[PDB]
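Chains as they are written, first to last, in the deposited numbering: chain TT, 149 to 236; chain UU, 191 to 225; chain AA, 6 to 124, 132 to 213, 230 to 269, 288 to 337, 341 to 358, 368 to 430; chain KK, 253 to 376; chain OO, 129 to 192; chain FF, 1 to 117; chain 11, 2 to 89; chain RR, 108 to 241; chain VV, 212 to 257, 262 to 287, 293 to 316.
Note sheet for the following structure.
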Amino acid sequence: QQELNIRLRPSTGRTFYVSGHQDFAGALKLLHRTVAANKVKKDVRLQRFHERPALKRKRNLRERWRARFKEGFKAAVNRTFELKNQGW
Amino acid sequence: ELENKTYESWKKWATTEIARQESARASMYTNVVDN
Amino acid sequence: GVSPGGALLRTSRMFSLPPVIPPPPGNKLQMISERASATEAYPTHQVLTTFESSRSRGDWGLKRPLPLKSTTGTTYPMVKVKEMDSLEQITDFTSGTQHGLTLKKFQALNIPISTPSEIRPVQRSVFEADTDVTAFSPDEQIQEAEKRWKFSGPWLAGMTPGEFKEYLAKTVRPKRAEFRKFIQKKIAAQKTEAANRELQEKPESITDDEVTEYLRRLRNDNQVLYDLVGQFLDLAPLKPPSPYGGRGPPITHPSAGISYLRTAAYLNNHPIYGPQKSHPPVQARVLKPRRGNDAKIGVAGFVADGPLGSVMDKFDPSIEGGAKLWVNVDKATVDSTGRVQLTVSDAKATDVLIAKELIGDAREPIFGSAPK
Amino acid sequence: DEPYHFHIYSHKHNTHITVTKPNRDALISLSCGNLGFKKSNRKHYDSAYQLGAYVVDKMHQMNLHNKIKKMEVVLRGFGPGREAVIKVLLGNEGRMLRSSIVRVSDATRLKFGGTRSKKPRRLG
Amino acid sequence: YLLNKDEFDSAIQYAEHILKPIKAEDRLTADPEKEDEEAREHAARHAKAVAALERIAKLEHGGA
Amino acid sequence: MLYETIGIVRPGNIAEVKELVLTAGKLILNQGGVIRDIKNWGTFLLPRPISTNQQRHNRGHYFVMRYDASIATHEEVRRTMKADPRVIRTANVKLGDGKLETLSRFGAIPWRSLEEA
Amino acid sequence: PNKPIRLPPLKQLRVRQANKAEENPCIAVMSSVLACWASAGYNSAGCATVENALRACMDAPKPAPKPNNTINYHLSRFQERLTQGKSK
Amino acid sequence: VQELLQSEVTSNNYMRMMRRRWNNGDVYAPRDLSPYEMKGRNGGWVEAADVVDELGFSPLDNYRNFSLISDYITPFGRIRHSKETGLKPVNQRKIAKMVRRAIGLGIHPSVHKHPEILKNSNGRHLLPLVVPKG
Amino acid sequence: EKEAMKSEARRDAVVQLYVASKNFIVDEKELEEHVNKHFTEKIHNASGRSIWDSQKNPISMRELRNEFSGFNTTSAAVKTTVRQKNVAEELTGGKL
RNA sequence: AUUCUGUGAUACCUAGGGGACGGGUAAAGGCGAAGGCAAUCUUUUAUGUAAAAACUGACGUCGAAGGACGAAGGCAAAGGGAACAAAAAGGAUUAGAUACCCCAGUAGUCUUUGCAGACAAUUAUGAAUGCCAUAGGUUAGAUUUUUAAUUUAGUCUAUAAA
Ligand SMILES: [K+]
Ligand SMILES: [K+]
Ligand SMILES: [K+]
Ligand SMILES: [K+]
Ligand SMILES: [K+]
Ligand SMILES: [Mg+2]
Ligand SMILES: [Mg+2]
Ligand SMILES: [Mg+2]
Ligand SMILES: [Mg+2]
Ligand SMILES: [Mg+2]
Ligand SMILES: [Mg+2]
Ligand SMILES: [Mg+2]
Ligand SMILES: [Mg+2]
Ligand SMILES: [Mg+2]
Ligand SMILES: [Mg+2]
Ligand SMILES: [Mg+2]
Ligand SMILES: [Mg+2]
Ligand SMILES: [Mg+2]
Ligand SMILES: [Mg+2]
Ligand SMILES: [Mg+2]
Ligand SMILES: [Mg+2]
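Structure, rendered in structure tokens:
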């Protein structure tokens, strides 16, 4: 501000304020969803030890396929009920 | 008439679904001490 | 030229199915939901029907017979086919009653579709021979270009900044040579109008440098040039310097093929009460009450704004089947986005009683037990 | 005017709670070992809960539930104390302080690249 | 930019022509002090364009 | 080529920011360049407090300058700016795809609109 | 964003747990009782109500299980038609 | 009169369950009022098309726009995945490189949104301040 | 003819760069006159000392989408004329 | 446990200095002869891909040798030194423990200039040419009634003939 300056630090972005329609218990839930969507906990676990480039590339390939397989599996499960509903 | 019969089904769902949020919302706080 | 087998398939019924038309256009930059989808503004697939003796067998003229559980039992046999045979070796179909019965419920209102008006209410049919025309001659001037409804060029105000650049690069840029010829044909009319007006007291029509100068003269008056450019690219009028150039021309026929009546100027002759003052009322359902401060009502399956005037102000869970209101459909029109918009108005009191009397819902019948 | 701060640093083996002034000067800097918890008893969820209740109690003695009108809760780390101490402030102990909370921040430290970490352990 | 002195000069002469202020369509009400000034504003505005464009199209200001 | 330099100078003295714009401007014109636009953004917050020349700055006086110049001229603007102790930070960029059609649509520096491309 | 992949040929297309294995509805009540003892004490009076709720758990009968979900039967019908095949 | 206030609470409660915005011209059937349709099974507010093509702008040429950078980063300063932006791989790379340029040049923060954008967003008087401490 | 089209396209780019040359600065005289006008202490409605004050924010995505989703209502008029002119210039070849 | 801390640590801050590293984006994605290549600005460099025309007119493929390039570790010299870490050493565990684990820690990793030439340097598959039926994805374009199809060059999945 004109008198006091804003504290611009990584925590400034991870801040959630209490207002009329949002109480302390409500700001905690919003803080947990954003901290989860941004995968802050996963980074703390991956930055604890060093993973050389080859191991990181191969770990991503295993996790990226399980994500496609799981996403393609949910589409087949729900496509099965679209056909069952039609009576096939 | 078909809309009436279908609107009622929604009313029952909304009435039964809103009770879930208000109950789970009020119970969010750990006020079980009953001070 | 074609084998007898190919000649039969051409005139076949399954070959006459219309292609799937694009869905009703929506906000291009706005977000939507891709998993779930509700009823569309207007239908995109053809609704199919069978004989009652064939429906019991599941035969719908398709590749395979349809399941009986999801196609039998109802009153109106209607089906929409998305793929006659999908990668699952099944006919991806769905019920077609959401639009098949919305058409019958709308036509039950017995109201035409009028041209959009501006705000002296003058409801003019959209099937008039002077306005409803699509074939035009190259001699077609500008004053009569406002009556049309089907233009070849796009509406510049409706395009996005991206679609407009693609248009300037692939449609108007390679038409410069053709436009210069279009001017020469005008010069043929400019040199003959002054050269043949005194004979009752054609020109070469091929020039190269004269055209370059004539265009410069028009730089002082930009309006006369836009009318000349739009007439060539067949652009829909934009501003008055008239045919509702606010939201743009309609992407379909002004009627959209939902109603073909040309006027509502008629009286309903009641069996006992003689002619009526207004058309019979229609009961509507209240959706999204004011408490956006605007209300929405469902009339014959279409959503419209509530009458300009409670039940439409605050939600009431005590009312069974939701809040309902008797109204009268004054005007119906088709906007530029293909939607059907109704200008509903509140219904009178005596009329709702007359309508309820026939169906047996009036409490105090106006006949017999009405001393005053 | 900046509020007070209720930093809650928690990791796998211990939890630190710091209550600072608006200028970020520590008033109550305690840990699980201040309550007598020895080498390994500091990582327990229960020990982190008692530390939170102890700090809240020590604040009342100092008359901070009346002096503090605006307070911020800063979370650092994802240890057991991250949830334990929150249930103290959100429970019956933080009844007086729960009304003066205006912000909820997360100050977990991450590195965009940074120095190399330890080599992976082979436990088996 | 794949230009040459010929194409460049032809474009300058073309831009000056289409942008040349057209005088009054007649001589009856032609306002002299308003036309002669537009000729100088166009001439001055033209000289500024030739100078700026000669510097942008200069091949010495290009890269590899 | 078409370049664009964003300069962030120390706030407080308007004479300083005017001397840098004129110095970097006269350098572009004398070398044979063309300045397309110079916008004067005022003094607002920096991305974060940064220390330069033994001073802790929280704000800075921004200004954008778009010019057509040669590589040697562009490298001298960056060198002179960086060497000046009154600039907190400078950002330079080569606009466009290097083609004539895209380069002809760069006029005034936008704030309430985008660069058409 | 891409669309869900077409699953490769699998030995069998099925979900591991067809019916949601819901949790004992009282393990949550006990946590509340254990929460009061940590804040209000053991022999206190505030926790006298939660204890009654906990005693009410075990005195009530256990809800009967739901009928099995037939999802796996329908997944096995549309496997070859929904995926690239079936492994032998 | 307090009995009238609780009615407003019950009313707005149901209004929240009607997860649909009715518009003029929208056709609806008796099925469009049932729970299965109001539930809104779609758990994603997907974007219609690639806005970079619809708006027709070059990201790299608009790196100096602080609002555009903050729109394609999370509150933590992390570039948004193509799932959220709904862009093609080519346009995703141009907007990702546009964010990295602005942050790399040092004109936009990297762990939150621009300070001048935080001054306007909700929580203005509550922004973290820096006490001089001396 | 194919090389003429490439030459005509290369010409229109110079005509557009010719029109835009009105606001360029080519001499020190225009530079000084430009700086002394825009670089003053009370240019941003001084109160305000930054472009964020006079002009609220740089146009965002929400502001770019509302221009084509929310409104569609009169701003389309000024937008319809600039587009109606671009079609004439690029079709006529001039700079109407 | 060795170890750090009353010479005030951990925790919470303010103000300066230093070295490397590269979060999200990110994908079955891309680039190069391979090795390999992921923050950012400017400068600089050879191929490759699409569509149309124009141009040269067999100017092509492979290629012993020579020469060039070639991961990590390593040698030599001069810098750098935060972090990590062979060696050396200490504390534990164990029947014993060089070890796996832990407190610390030097070469080395990084910079510049040379040497060196060995790799699961892998697709366990040399390079290139002609040719053989489909399907579902995906990458960069092109065409179109740009919805979606058609098509060129890549890449992957599952099959037919074989
Ligand atoms: K301590
Ligand atoms: K490799
Ligand atoms: K170490
Ligand atoms: K040892
Ligand atoms: K392919
Ligand atoms: Mg170690
Ligand atoms: Mg072991
Ligand atoms: Mg000290
Ligand atoms: Mg450094
Ligand atoms: Mg990365
Ligand atoms: Mg390649
Ligand atoms: Mg060769
Ligand atoms: Mg050899
Ligand atoms: Mg080496
Ligand atoms: Mg070395
Ligand atoms: Mg050495
Ligand atoms: Mg190296
Ligand atoms: Mg060598
Ligand atoms: Mg290797
Ligand atoms: Mg070989
Ligand atoms: Mg690849």
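Cβ atoms here follow ideal geometry from the backbone N, Cα and C, with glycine treated the same way.
Determine whether the Cβ of residue i lies closer than 7 Å to any Cβ atom of chain AA.
i                  : result
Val-302 (chain VV) : no
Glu-161 (chain RR) : yes
Determine whether the Cβ of residue i lies closer than 7 Å to any Cβ atom of chain FF.
i                  : result
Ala-180 (chain OO) : yes
Rounded C-beta distance between residue i and residue j? I'm assuming under 8 Å.
i                  : j                  : result
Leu-29 (chain FF)  : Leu-242 (chain VV) : 7 Å
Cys-48 (chain 11)  : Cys-27 (chain 11)  : With a Cβ gap of about 16 Å, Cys-48 (chain 11) and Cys-27 (chain 11) do not count as contacting.
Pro-216 (chain RR) : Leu-156 (chain TT) : 7 Å
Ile-35 (chain FF)  : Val-64 (chain FF)  : Actually they do not touch by this definition, with Cβ atoms about 11 Å apart.
Given that a residue counts as buried once 16 or more other Cβ atoms are within 10 Å of its Cβ, and exposed if not, what is residue i?
i                  : result
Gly-12 (chain FF)  : exposed
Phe-283 (chain VV) : buried
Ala-184 (chain TT) : exposed
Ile-338 (chain KK) : buried
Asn-153 (chain TT) : buried
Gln-304 (chain VV) : buried
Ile-154 (chain AA) : exposed
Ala-172 (chain OO) : exposed
Can a CB atom of chain RR be found closer than 7 Å to the CB of residue i?
i                  : result
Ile-417 (chain AA) : no
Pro-2 (chain 11)   : yes
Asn-208 (chain TT) : no
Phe-63 (chain FF)  : no
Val-356 (chain KK) : no
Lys-382 (chain AA) : no
Counting contacts by CB-CB distance shorter than 7 Å, is residue i in contact with chain TT?
i                  : result
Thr-117 (chain RR) : no
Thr-267 (chain KK) : no
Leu-76 (chain 11)  : yes
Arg-66 (chain FF)  : no
I'd like to confirm something about residue i: is its beta-carbon nearer than 6 Å to some heavy atom of ligand 7, or not?
i                  : result
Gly-376 (chain KK) : yes
Of all the CB atoms in chain VV, is at least one closer than 7 Å to the CB of residue i?
i                  : result
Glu-191 (chain RR) : no
Counting only beta-carbon atoms, is residue i nearer than 7 Å to chain 11?
i                  : result
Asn-344 (chain KK) : yes
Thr-206 (chain UU) : no
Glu-123 (chain AA) : no
Please list the partners that residue i has in chain OO, where partner means a Cβ-to-Cβ separation under 7 Å.
i                  : result
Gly-285 (chain VV) : Correct list: empty, because the minimum Cβ distance to chain OO is about 38 Å.
Under 8 Å between beta-carbons, which chain AA residues line up against residue i? List them in chain order, please.
i                  : result
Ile-140 (chain OO) : Result: empty, since nearest Cβ-Cβ is about 16 Å, beyond 8 Å.
What residues from chain RR crowd round residue i, counting only those whose CB sits closer than 9 Å?
i                  : result
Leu-152 (chain TT) : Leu-236, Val-237, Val-238 and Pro-239
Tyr-197 (chain UU) : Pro-137, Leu-140 and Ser-141
Would you please verify whether the beta carbon of residue i is less than 7 Å from any beta carbon of chain KK?
i                  : result
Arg-162 (chain TT) : yes
Under 7 Å between beta-carbons, which chain RR residues line up against residue i? List them in chain order, please.
i                  : result
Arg-155 (chain TT) : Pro-235, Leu-236 and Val-237
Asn-186 (chain TT) : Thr-181, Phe-183 and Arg-185
Who are the neighbours of residue i on chain VV, taking C-beta pairs under 7 Å?
i                  : result
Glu-166 (chain OO) : Within chain VV, no residue comes near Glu-166 (chain OO); the closest Cβ sits about 14 Å away, beyond 7 Å.
Name, please, each residue of chain 11 whose Cβ falls closer than 8 Å to the Cβ of residue i.
i                  : result
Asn-225 (chain UU) : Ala-41 and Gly-47
Should residue i be listed as close to ligand 1, given that the test is whether its C-beta is under 6 Å from any heavy atom?
i                  : result
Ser-262 (chain KK) : no
Step through the CB atoms of chain OO and report whether any lies within less than 7 Å of the CB of residue i.
i                  : result
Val-237 (chain VV) : yes
In chain AA, which residues lie with their C-beta within 7 Å of the C-beta of residue i?
i                  : result
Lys-299 (chain VV) : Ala-169
Which residues in chain UU have a C-beta closer than 7 Å to the C-beta of residue i? List them in chain order.
i                 : result
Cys-37 (chain 11) : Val-222 and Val-223
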